[PDB]
>>> print(open('upload-v3.txt').read())   # compact mmCIF, C-alpha atoms and all ligand atoms
# COMPACT_ATOMS: atom_id res chain seq x y z
CA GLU M 642 -25.42 -11.91 2.88
CA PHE M 643 -21.74 -11.86 4.11
CA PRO M 644 -20.41 -11.03 7.60
CA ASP M 645 -19.65 -7.36 8.30
CA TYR M 646 -15.86 -7.56 8.38
CA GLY M 647 -15.47 -3.75 7.80
CA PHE M 648 -12.89 -4.57 5.08
CA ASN M 649 -14.65 -3.81 1.76
CA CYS M 650 -14.54 -0.43 0.03
CA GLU M 651 -16.06 1.15 -3.08
CA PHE M 652 -14.78 4.60 -1.93
CA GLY M 653 -18.34 5.99 -1.82
CA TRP M 654 -20.46 7.69 -4.46
CA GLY M 655 -20.83 11.17 -6.05
CA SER M 656 -22.02 13.01 -2.94
CA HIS M 657 -19.73 11.07 -0.54
CA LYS M 658 -16.03 10.29 -0.81
CA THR M 659 -14.84 7.77 1.78
CA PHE M 660 -11.96 5.45 2.65
CA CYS M 661 -14.34 3.22 4.67
CA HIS M 662 -12.32 1.75 7.62
CA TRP M 663 -8.99 2.01 5.78
CA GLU M 664 -6.34 4.44 6.95
CA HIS M 665 -3.45 6.37 5.47
CA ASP M 666 -0.06 5.12 6.56
CA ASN M 667 1.94 7.75 8.48
CA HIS M 668 5.42 6.40 7.57
CA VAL M 669 5.22 7.66 3.93
CA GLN M 670 4.99 11.03 2.19
CA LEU M 671 1.86 10.81 0.07
CA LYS M 672 -1.66 9.56 0.23
CA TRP M 673 -4.15 8.07 -2.16
CA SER M 674 -6.77 10.55 -3.47
CA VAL M 675 -10.42 9.57 -3.71
CA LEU M 676 -11.74 10.88 -7.04
CA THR M 677 -15.24 11.12 -8.45
CA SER M 678 -14.65 10.80 -12.24
CA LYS M 679 -17.56 10.74 -14.66
CA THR M 680 -15.36 11.90 -17.53
CA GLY M 681 -12.26 10.82 -19.40
CA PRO M 682 -10.96 7.27 -19.85
CA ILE M 683 -10.79 6.07 -16.16
CA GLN M 684 -14.26 5.68 -14.58
CA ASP M 685 -16.28 3.52 -12.19
CA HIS M 686 -19.37 2.85 -14.28
CA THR M 687 -20.82 0.19 -11.91
CA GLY M 688 -20.38 2.20 -8.65
CA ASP M 689 -21.27 5.82 -9.43
CA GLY M 690 -17.74 7.01 -10.19
CA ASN M 691 -15.48 6.80 -7.13
CA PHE M 692 -12.02 5.23 -6.91
CA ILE M 693 -8.61 5.95 -5.39
CA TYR M 694 -5.84 7.43 -7.50
CA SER M 695 -2.09 8.04 -7.39
CA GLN M 696 -1.18 10.54 -10.11
CA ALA M 697 2.01 10.04 -12.12
CA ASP M 698 4.13 13.16 -11.65
CA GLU M 699 7.87 13.51 -12.34
CA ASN M 700 8.06 15.95 -9.39
CA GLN M 701 6.80 13.33 -6.90
CA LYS M 702 8.62 10.40 -8.60
CA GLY M 703 9.21 7.37 -6.33
CA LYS M 704 7.38 8.70 -3.27
CA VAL M 705 4.74 6.27 -1.99
CA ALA M 706 1.17 6.33 -0.70
CA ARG M 707 -0.05 3.45 1.49
CA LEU M 708 -3.62 2.62 2.43
CA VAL M 709 -3.84 0.23 5.37
CA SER M 710 -6.80 -2.08 6.02
CA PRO M 711 -8.39 -3.07 9.28
CA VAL M 712 -6.92 -6.24 10.80
CA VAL M 713 -7.98 -9.25 8.70
CA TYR M 714 -10.17 -11.92 10.40
CA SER M 715 -7.70 -14.61 9.31
CA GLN M 716 -8.07 -17.22 12.09
CA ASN M 717 -10.80 -19.65 10.87
CA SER M 718 -10.80 -19.13 7.10
CA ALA M 719 -8.80 -17.77 4.22
CA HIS M 720 -10.32 -15.01 2.12
CA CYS M 721 -9.93 -14.11 -1.50
CA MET M 722 -9.29 -10.41 -1.83
CA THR M 723 -10.39 -9.01 -5.18
CA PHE M 724 -9.77 -5.52 -6.48
CA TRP M 725 -9.65 -3.61 -9.72
CA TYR M 726 -6.78 -1.59 -11.02
CA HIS M 727 -6.05 0.76 -13.87
CA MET M 728 -2.44 1.23 -14.98
CA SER M 729 -2.23 2.77 -18.47
CA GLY M 730 0.93 4.65 -19.54
CA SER M 731 4.58 3.58 -19.76
CA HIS M 732 5.60 5.49 -16.61
CA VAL M 733 2.36 5.13 -14.66
CA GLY M 734 4.16 3.83 -11.53
CA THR M 735 4.10 0.66 -9.43
CA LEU M 736 1.31 -0.90 -7.35
CA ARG M 737 2.15 -3.34 -4.61
CA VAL M 738 -0.01 -5.23 -2.16
CA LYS M 739 1.64 -6.12 1.12
CA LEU M 740 0.62 -7.94 4.24
CA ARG M 741 1.69 -6.06 7.38
CA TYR M 742 2.31 -8.17 10.51
CA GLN M 743 3.22 -6.98 14.03
CA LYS M 744 5.10 -9.84 15.75
CA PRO M 745 8.56 -10.06 15.57
CA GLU M 746 8.18 -6.33 14.98
CA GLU M 747 6.07 -4.47 12.35
CA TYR M 748 7.07 -5.74 8.84
CA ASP M 749 5.58 -5.92 5.35
CA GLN M 750 5.41 -9.03 3.13
CA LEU M 751 5.10 -8.35 -0.63
CA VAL M 752 2.33 -10.56 -2.16
CA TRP M 753 1.28 -8.81 -5.40
CA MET M 754 2.94 -6.33 -7.75
CA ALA M 755 2.37 -4.51 -11.07
CA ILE M 756 5.12 -2.32 -12.56
CA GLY M 757 4.38 0.08 -15.42
CA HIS M 758 1.85 -0.33 -18.22
CA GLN M 759 -0.68 -3.12 -17.63
CA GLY M 760 -3.25 -2.20 -20.32
CA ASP M 761 -5.76 0.48 -21.35
CA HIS M 762 -8.67 -0.88 -19.31
CA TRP M 763 -9.53 -1.90 -15.78
CA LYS M 764 -8.13 -5.27 -14.70
CA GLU M 765 -9.10 -7.67 -11.89
CA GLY M 766 -6.39 -8.48 -9.35
CA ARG M 767 -6.72 -11.15 -6.66
CA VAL M 768 -4.71 -12.05 -3.60
CA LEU M 769 -5.33 -14.90 -1.22
CA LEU M 770 -5.57 -13.66 2.39
CA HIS M 771 -4.23 -16.87 3.94
CA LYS M 772 -5.36 -18.34 7.25
CA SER M 773 -2.98 -17.25 10.01
CA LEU M 774 -3.03 -17.02 13.80
CA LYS M 775 -0.44 -14.28 13.49
CA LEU M 776 -2.56 -11.16 12.67
CA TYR M 777 -2.20 -8.87 9.67
CA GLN M 778 -3.45 -5.90 7.73
CA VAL M 779 -3.45 -5.43 3.98
CA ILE M 780 -1.60 -2.52 2.43
CA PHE M 781 -2.19 -0.99 -1.01
CA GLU M 782 1.02 0.78 -1.92
CA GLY M 783 1.16 3.20 -4.86
CA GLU M 784 4.63 4.27 -5.98
CA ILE M 785 4.49 7.42 -8.08
CA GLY M 786 5.84 7.05 -11.63
CA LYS M 787 7.62 9.73 -13.67
CA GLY M 788 4.91 10.01 -16.35
CA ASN M 789 2.84 13.17 -16.66
CA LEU M 790 -0.31 11.53 -17.98
CA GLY M 791 -2.57 9.38 -15.84
CA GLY M 792 -1.58 7.25 -12.87
CA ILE M 793 -2.64 4.24 -10.84
CA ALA M 794 -6.33 3.78 -10.06
CA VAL M 795 -7.63 1.16 -7.61
CA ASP M 796 -11.25 0.43 -6.74
CA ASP M 797 -13.73 -2.04 -5.39
CA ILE M 798 -11.66 -3.91 -2.85
CA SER M 799 -13.68 -6.82 -1.56
CA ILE M 800 -13.70 -10.20 0.19
CA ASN M 801 -17.44 -10.71 -0.62
CA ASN M 802 -17.06 -13.80 -2.90
CA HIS M 803 -16.95 -17.62 -2.84
CA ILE M 804 -13.77 -18.29 -4.83
CA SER M 805 -11.85 -21.46 -4.07
CA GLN M 806 -8.48 -20.88 -2.35
CA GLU M 807 -6.46 -22.73 -4.95
CA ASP M 808 -7.85 -20.55 -7.77
CA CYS M 809 -7.89 -17.19 -5.90
CA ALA M 810 -4.42 -15.85 -6.83
CA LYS M 811 -4.53 -13.61 -9.93
CA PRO M 812 -1.14 -11.94 -10.39
CA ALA M 813 -0.40 -8.90 -12.54
CA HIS M 814 0.52 -9.79 -16.15
CA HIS M 815 3.78 -7.90 -15.32
CA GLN T 640 -7.53 -16.51 -37.83
CA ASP T 641 -5.74 -15.11 -34.72
CA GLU T 642 -8.46 -12.81 -33.18
CA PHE T 643 -11.42 -15.25 -33.39
CA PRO T 644 -11.92 -15.62 -29.57
CA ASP T 645 -13.23 -12.04 -29.23
CA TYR T 646 -15.66 -12.61 -32.16
CA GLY T 647 -18.08 -14.58 -30.03
CA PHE T 648 -16.09 -17.41 -28.36
CA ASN T 649 -14.95 -15.59 -25.21
CA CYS T 650 -18.09 -15.08 -23.09
CA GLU T 651 -18.94 -13.49 -19.74
CA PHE T 652 -22.72 -13.86 -20.53
CA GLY T 653 -23.28 -10.12 -20.48
CA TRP T 654 -24.11 -7.69 -17.74
CA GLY T 655 -27.38 -6.70 -16.00
CA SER T 656 -30.36 -7.07 -18.30
CA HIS T 657 -28.02 -7.64 -21.30
CA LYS T 658 -28.21 -11.47 -21.14
CA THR T 659 -26.28 -13.11 -23.93
CA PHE T 660 -24.62 -16.33 -24.96
CA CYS T 661 -22.26 -14.32 -27.25
CA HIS T 662 -21.90 -16.60 -30.36
CA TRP T 663 -22.55 -19.87 -28.48
CA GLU T 664 -25.75 -21.72 -29.51
CA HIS T 665 -28.18 -24.08 -27.86
CA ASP T 666 -28.21 -27.56 -29.27
CA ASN T 667 -31.83 -27.99 -30.37
CA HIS T 668 -31.82 -31.82 -30.57
CA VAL T 669 -31.57 -31.88 -26.78
CA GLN T 670 -34.53 -31.27 -24.35
CA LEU T 671 -33.12 -28.67 -21.93
CA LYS T 672 -31.25 -25.38 -22.29
CA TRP T 673 -28.84 -23.39 -20.16
CA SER T 674 -30.25 -20.10 -18.78
CA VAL T 675 -28.40 -16.82 -18.29
CA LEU T 676 -28.99 -15.39 -14.80
CA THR T 677 -28.24 -11.96 -13.39
CA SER T 678 -26.32 -11.95 -10.09
CA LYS T 679 -28.78 -10.72 -7.43
CA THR T 680 -28.72 -12.80 -4.24
CA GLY T 681 -27.76 -16.21 -2.97
CA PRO T 682 -24.32 -17.78 -2.84
CA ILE T 683 -24.01 -18.26 -6.65
CA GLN T 684 -23.00 -14.99 -8.26
CA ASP T 685 -20.48 -13.36 -10.53
CA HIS T 686 -19.72 -11.23 -7.43
CA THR T 687 -16.53 -9.69 -8.61
CA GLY T 688 -18.00 -8.23 -11.85
CA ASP T 689 -21.66 -7.90 -10.64
CA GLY T 690 -22.19 -9.88 -13.80
CA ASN T 691 -24.17 -12.64 -15.40
CA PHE T 692 -23.57 -16.37 -15.60
CA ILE T 693 -25.23 -19.55 -16.95
CA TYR T 694 -27.12 -22.11 -14.89
CA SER T 695 -28.67 -25.58 -15.21
CA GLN T 696 -31.04 -26.16 -12.32
CA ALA T 697 -31.15 -29.55 -10.57
CA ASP T 698 -34.60 -31.13 -10.86
CA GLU T 699 -35.38 -34.77 -10.07
CA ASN T 700 -38.05 -34.80 -12.78
CA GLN T 701 -35.46 -34.15 -15.53
CA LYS T 702 -32.64 -36.30 -14.02
CA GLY T 703 -30.12 -37.38 -16.68
CA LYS T 704 -31.36 -35.04 -19.44
CA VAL T 705 -28.81 -32.50 -20.73
CA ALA T 706 -28.50 -28.91 -21.81
CA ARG T 707 -25.83 -28.37 -24.47
CA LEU T 708 -24.22 -25.05 -25.41
CA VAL T 709 -22.18 -25.14 -28.62
CA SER T 710 -19.36 -22.70 -29.34
CA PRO T 711 -18.42 -21.15 -32.59
CA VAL T 712 -15.86 -23.12 -34.60
CA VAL T 713 -12.38 -23.18 -33.03
CA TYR T 714 -9.60 -22.34 -35.47
CA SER T 715 -7.11 -24.97 -34.46
CA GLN T 716 -5.20 -25.80 -37.70
CA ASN T 717 -2.21 -23.66 -36.68
CA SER T 718 -2.23 -23.82 -32.85
CA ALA T 719 -3.57 -25.21 -29.59
CA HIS T 720 -5.41 -22.87 -27.17
CA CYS T 721 -5.95 -22.92 -23.43
CA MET T 722 -9.62 -22.51 -22.58
CA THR T 723 -10.26 -21.42 -19.01
CA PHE T 724 -13.74 -21.20 -17.38
CA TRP T 725 -15.39 -21.10 -14.00
CA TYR T 726 -17.93 -23.48 -12.57
CA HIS T 727 -19.93 -23.89 -9.44
CA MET T 728 -21.16 -27.35 -8.44
CA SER T 729 -22.45 -27.56 -4.88
CA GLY T 730 -24.62 -30.47 -3.74
CA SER T 731 -24.05 -34.24 -3.90
CA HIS T 732 -26.69 -34.48 -6.63
CA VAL T 733 -26.01 -31.17 -8.40
CA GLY T 734 -25.52 -33.10 -11.68
CA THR T 735 -22.61 -33.61 -14.05
CA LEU T 736 -20.67 -31.09 -16.11
CA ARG T 737 -19.06 -32.20 -19.36
CA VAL T 738 -16.83 -30.41 -21.87
CA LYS T 739 -16.77 -32.06 -25.30
CA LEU T 740 -15.26 -31.25 -28.66
CA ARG T 741 -17.73 -31.70 -31.52
CA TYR T 742 -15.71 -32.32 -34.66
CA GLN T 743 -17.09 -30.85 -37.88
CA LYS T 744 -19.17 -32.63 -40.50
CA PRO T 745 -18.68 -35.03 -42.41
CA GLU T 746 -18.03 -37.83 -39.94
CA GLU T 747 -19.02 -35.64 -36.98
CA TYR T 748 -18.25 -36.99 -33.52
CA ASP T 749 -18.07 -35.83 -29.92
CA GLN T 750 -14.93 -36.26 -27.90
CA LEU T 751 -15.21 -35.94 -24.13
CA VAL T 752 -12.27 -34.06 -22.62
CA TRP T 753 -13.39 -32.82 -19.13
CA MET T 754 -16.03 -34.07 -16.69
CA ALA T 755 -16.99 -33.25 -13.15
CA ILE T 756 -19.62 -35.30 -11.31
CA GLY T 757 -21.50 -34.17 -8.21
CA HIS T 758 -20.24 -32.02 -5.38
CA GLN T 759 -17.13 -29.96 -6.19
CA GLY T 760 -17.36 -27.48 -3.31
CA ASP T 761 -19.33 -24.46 -2.11
CA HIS T 762 -17.41 -22.05 -4.24
CA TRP T 763 -16.43 -21.15 -7.78
CA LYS T 764 -13.57 -23.18 -9.29
CA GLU T 765 -11.55 -22.62 -12.43
CA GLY T 766 -11.48 -25.33 -15.11
CA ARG T 767 -8.77 -25.60 -17.84
CA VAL T 768 -8.97 -27.57 -21.06
CA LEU T 769 -6.29 -27.63 -23.76
CA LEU T 770 -7.96 -27.17 -27.18
CA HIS T 771 -5.44 -29.12 -29.22
CA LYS T 772 -4.10 -28.36 -32.67
CA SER T 773 -6.25 -30.19 -35.22
CA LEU T 774 -6.69 -30.21 -39.03
CA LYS T 775 -10.27 -31.37 -38.49
CA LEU T 776 -12.14 -28.38 -37.06
CA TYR T 777 -14.25 -28.58 -33.92
CA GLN T 778 -16.60 -26.72 -31.63
CA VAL T 779 -16.49 -26.77 -27.86
CA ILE T 780 -19.59 -28.02 -26.05
CA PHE T 781 -20.55 -27.19 -22.50
CA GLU T 782 -22.91 -29.93 -21.38
CA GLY T 783 -24.91 -29.87 -18.16
CA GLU T 784 -26.56 -33.11 -17.04
CA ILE T 785 -29.48 -32.46 -14.70
CA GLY T 786 -28.89 -33.83 -11.23
CA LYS T 787 -31.64 -35.25 -9.05
CA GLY T 788 -30.79 -32.65 -6.37
CA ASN T 789 -33.75 -30.52 -5.22
CA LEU T 790 -31.73 -27.37 -4.46
CA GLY T 791 -29.16 -25.63 -6.63
CA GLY T 792 -27.57 -26.50 -9.93
CA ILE T 793 -24.52 -26.26 -12.11
CA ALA T 794 -23.35 -22.73 -12.82
CA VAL T 795 -20.72 -21.71 -15.37
CA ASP T 796 -19.14 -18.36 -16.25
CA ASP T 797 -16.37 -16.52 -17.94
CA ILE T 798 -15.27 -18.84 -20.70
CA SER T 799 -12.16 -17.65 -22.47
CA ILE T 800 -9.21 -18.54 -24.53
CA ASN T 801 -6.02 -17.42 -22.83
CA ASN T 802 -3.03 -17.71 -25.18
CA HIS T 803 -0.51 -16.70 -22.46
CA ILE T 804 -0.95 -20.01 -20.61
CA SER T 805 1.39 -22.64 -22.06
CA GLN T 806 0.15 -26.13 -22.78
CA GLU T 807 1.76 -27.63 -19.65
CA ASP T 808 0.27 -24.85 -17.47
CA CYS T 809 -3.17 -25.47 -19.15
CA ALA T 810 -4.07 -27.95 -16.42
CA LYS T 811 -5.29 -28.11 -12.84
CA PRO T 812 -3.19 -28.96 -9.99
CA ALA T 813 -1.02 -26.08 -11.29
CA CA W 1 -15.95 2.63 -6.70
CA CA W 2 -16.84 -0.63 -10.97
CA CA W 3 -20.12 -13.31 -15.99
CA CA W 4 -16.26 -13.44 -11.89
>>> encode(input="upload-v3.txt", output="structure tokens")
Amino acid sequence: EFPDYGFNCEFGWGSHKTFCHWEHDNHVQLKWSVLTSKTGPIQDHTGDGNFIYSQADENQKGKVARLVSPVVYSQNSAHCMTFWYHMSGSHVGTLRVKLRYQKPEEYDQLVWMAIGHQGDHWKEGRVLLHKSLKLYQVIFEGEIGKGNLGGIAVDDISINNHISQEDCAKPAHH
Amino acid sequence: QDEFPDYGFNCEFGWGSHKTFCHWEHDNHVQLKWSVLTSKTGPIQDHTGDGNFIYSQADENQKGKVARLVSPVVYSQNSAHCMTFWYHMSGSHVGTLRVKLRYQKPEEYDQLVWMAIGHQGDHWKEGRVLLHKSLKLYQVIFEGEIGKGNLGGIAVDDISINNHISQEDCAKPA
């Protein structure tokens, strides 16, 4: 199959919500919720209904949640990170992917970003996890929008693919 | 006129036991056909969607024969379109992949516009072909020439017209 890197996450199934080996960042005010949704317009039909969610809420506007991956095995190969996201609504918020390094000190490098409405359906995002001797973790950062309908969903984060490096990158269409 | 791609041209080849060529058709004058496979195991899969794809197996006994899949008519009188697709060609003798434009009757002819021969890499790659503006209408052909390889084959997936790529960006090394 593929090596057990501990990196992938579907966020479980109906009788089991999980963040796998990912962790909530303790430098920010909110965290991502794991939902099981078998109703309404945002669902995980392929994976028995579980995803993470950052609800738009004018009262929480501009606070962030950050989910932080295990350290990426980045030394021999690059990886293509794929994930799915759902950002419907004009004030749904902002989703950023960052690479967190340790060594000058701990700092974040912005590599992917989607601001506001992206469409009324799930979309595929991809980010190349470049080869690097300097070690890093991946961060999914949800910034709460002012809308009062919906929010940012993310699901099915994976490096289990054989996608060429040059074609990996799939930015947000805004 | 302007929504034709989603009427059978754009094709992911279905999902699970829904195996489909959308509105693409087998050329019947030719000996072999492409097959739709469901992603189960092995290194060739539509991993990111858990989806289907098309495949032309290498087989030394059919070396040099072709399977030909023929698109619906492209409406090209008013504009060019960027067609993107994915392909997987691993093995020195995996065969040859050709994209042709078959211009409409009378005075039908086939114009070759994209060809890959032999080993391209152990991973999915993205092809791009600019479907030029033309008064004479045409169909796109995906043509798989059987390699003499004993393992593997040419896989293709996720053919689409993407009108947000400009003509200069409708190209590899990009
Ligand atoms: Ca899921
Ligand atoms: Ca899913
Ligand atoms: Ca597919
Ligand atoms: Ca795919």
>>> residues_near_ligand(input="upload-v3.txt", ligand="ligand CA 4 (chain W)", cutoff="6 Å", atoms="only C-alpha atoms and all ligand atoms", output="count of residues only")
3
>>> interface_residues(input="upload-v3.txt", of="chain T", to="chain M", cutoff="7 Å", atoms="only C-alpha atoms", output="PDB file with C-alpha atoms, in the frame of the given file")
ATOM      1  CA  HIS T 686     -19.720 -11.230  -7.430  1.00  0.00           C
ATOM      2  CA  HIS T 762     -17.410 -22.050  -4.240  1.00  0.00           C
ATOM      3  CA  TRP T 763     -16.430 -21.150  -7.780  1.00  0.00           C
ATOM      4  CA  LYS T 764     -13.570 -23.180  -9.290  1.00  0.00           C
ATOM      5  CA  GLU T 765     -11.550 -22.620 -12.430  1.00  0.00           C
TER       6      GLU T 765
END
>>> residues_around(input="upload-v3.txt", residues="residue T:770", least_positions_apart="6", cutoff="10 Å", atoms="all atoms listed in the file", output="PDB file with C-alpha atoms, in the frame of the given file")
ATOM      1  CA  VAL T 713     -12.380 -23.180 -33.030  1.00  0.00           C
ATOM      2  CA  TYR T 714      -9.600 -22.340 -35.470  1.00  0.00           C
ATOM      3  CA  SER T 715      -7.110 -24.970 -34.460  1.00  0.00           C
ATOM      4  CA  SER T 718      -2.230 -23.820 -32.850  1.00  0.00           C
ATOM      5  CA  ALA T 719      -3.570 -25.210 -29.590  1.00  0.00           C
ATOM      6  CA  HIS T 720      -5.410 -22.870 -27.170  1.00  0.00           C
ATOM      7  CA  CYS T 721      -5.950 -22.920 -23.430  1.00  0.00           C
ATOM      8  CA  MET T 722      -9.620 -22.510 -22.580  1.00  0.00           C
ATOM      9  CA  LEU T 740     -15.260 -31.250 -28.660  1.00  0.00           C
ATOM     10  CA  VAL T 752     -12.270 -34.060 -22.620  1.00  0.00           C
ATOM     11  CA  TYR T 777     -14.250 -28.580 -33.920  1.00  0.00           C
ATOM     12  CA  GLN T 778     -16.600 -26.720 -31.630  1.00  0.00           C
ATOM     13  CA  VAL T 779     -16.490 -26.770 -27.860  1.00  0.00           C
ATOM     14  CA  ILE T 800      -9.210 -18.540 -24.530  1.00  0.00           C
ATOM     15  CA  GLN T 806       0.150 -26.130 -22.780  1.00  0.00           C
ATOM     16  CA  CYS T 809      -3.170 -25.470 -19.150  1.00  0.00           C
TER      17      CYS T 809
END
>>> residues_around(input="upload-v3.txt", residues="stretch 786-799 of chain T", least_positions_apart="4", cutoff="10 Å", atoms="all atoms listed in the file", output="MDAnalysis selection string")
chainID T and resid 644:645 648:653 673:676 682:685 690:705 720:736 756:758 763:767 781
>>> atom_distance(input="upload-v3.txt", atom1="atom CA of residue M:699", atom2="atom CA of residue M:785")
8.2 Å
>>> residues_around(input="upload-v3.txt", residues="residue M:794", least_positions_apart="3", cutoff="7 Å", atoms="only C-alpha atoms", output="list in words")
residues 692, 693, 694, 695, 726, 727 and 728 of chain M
>>> residues_near_ligand(input="upload-v3.txt", ligand="ligand CA 1 (chain W)", cutoff="7 Å", atoms="all atoms listed in the file", output="JSON, numbers by chain")
{"M": [651, 652, 653, 685, 688, 689, 690, 691, 692, 796, 797]}
>>> residues_around(input="upload-v3.txt", residues="residue M:712", least_positions_apart="3", cutoff="12 Å", atoms="all atoms listed in the file", output="list in words")
residues 646, 647, 648, 662, 663, 664, 709, 715, 716, 740, 741, 742, 743, 770, 773, 774, 775, 776, 777, 778, 779 and 780 of chain M
>>> atom_distance(input="upload-v3.txt", atom1="atom CA of residue M:738", atom2="atom CA of residue M:751")
6.2 Å
>>> atom_distance(input="upload-v3.txt", atom1="atom CA of residue T:661", atom2="atom CA of residue T:647")
5.0 Å
>>> closest_residue(input="upload-v3.txt", among="M:767, M:744, M:787, M:811", to="residue M:704", atoms="only C-alpha atoms")
M:787
>>> closest_residue(input="upload-v3.txt", among="M:659, M:684, M:718, M:667", to="ligand CA 2 (chain W)", atoms="all atoms listed in the file")
M:684
>>> decode(input="upload-v3.txt", residues="stretch 727-741 of chain M", atoms="N, CA and C atoms", output="tab-separated table (two decimals), in the first residue's frame")
chain	number	residue	atom	x	y	z
M	727	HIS	N	-14.76	23.10	1.51
M	727	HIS	CA	-16.10	23.57	1.21
M	727	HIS	C	-16.29	24.96	1.80
M	728	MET	N	-16.36	25.95	0.90
M	728	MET	CA	-16.41	27.36	1.27
M	728	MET	C	-17.49	28.08	0.45
M	729	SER	N	-18.72	27.94	0.90
M	729	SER	CA	-19.92	28.51	0.26
M	729	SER	C	-20.49	29.59	1.17
M	730	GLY	N	-20.90	30.72	0.61
M	730	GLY	CA	-21.20	31.93	1.36
M	730	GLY	C	-20.19	33.05	1.17
M	731	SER	N	-20.70	34.27	1.08
M	731	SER	CA	-19.87	35.45	0.81
M	731	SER	C	-18.95	35.84	1.97
M	732	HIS	N	-19.36	35.51	3.20
M	732	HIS	CA	-18.54	35.80	4.38
M	732	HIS	C	-18.18	34.54	5.17
M	733	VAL	N	-17.84	33.49	4.42
M	733	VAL	CA	-17.60	32.17	4.99
M	733	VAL	C	-16.28	32.10	5.77
M	734	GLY	N	-15.34	33.00	5.47
M	734	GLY	CA	-14.06	33.08	6.17
M	734	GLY	C	-12.91	32.81	5.24
M	735	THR	N	-11.73	32.56	5.81
M	735	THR	CA	-10.51	32.32	5.07
M	735	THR	C	-9.84	31.03	5.55
M	736	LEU	N	-9.30	30.27	4.60
M	736	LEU	CA	-8.60	29.03	4.89
M	736	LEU	C	-7.22	29.19	4.37
M	737	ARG	N	-6.23	28.93	5.22
M	737	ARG	CA	-4.84	29.03	4.85
M	737	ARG	C	-4.18	27.73	5.19
M	738	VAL	N	-3.20	27.33	4.38
M	738	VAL	CA	-2.31	26.23	4.72
M	738	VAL	C	-0.94	26.84	4.88
M	739	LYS	N	-0.29	26.50	5.99
M	739	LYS	CA	1.03	26.98	6.30
M	739	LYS	C	1.95	25.84	6.60
M	740	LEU	N	3.24	26.03	6.31
M	740	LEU	CA	4.27	25.14	6.77
M	740	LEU	C	4.99	25.79	7.97
M	741	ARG	N	4.96	25.08	9.10
M	741	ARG	CA	5.61	25.53	10.32
M	741	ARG	C	6.98	24.86	10.48
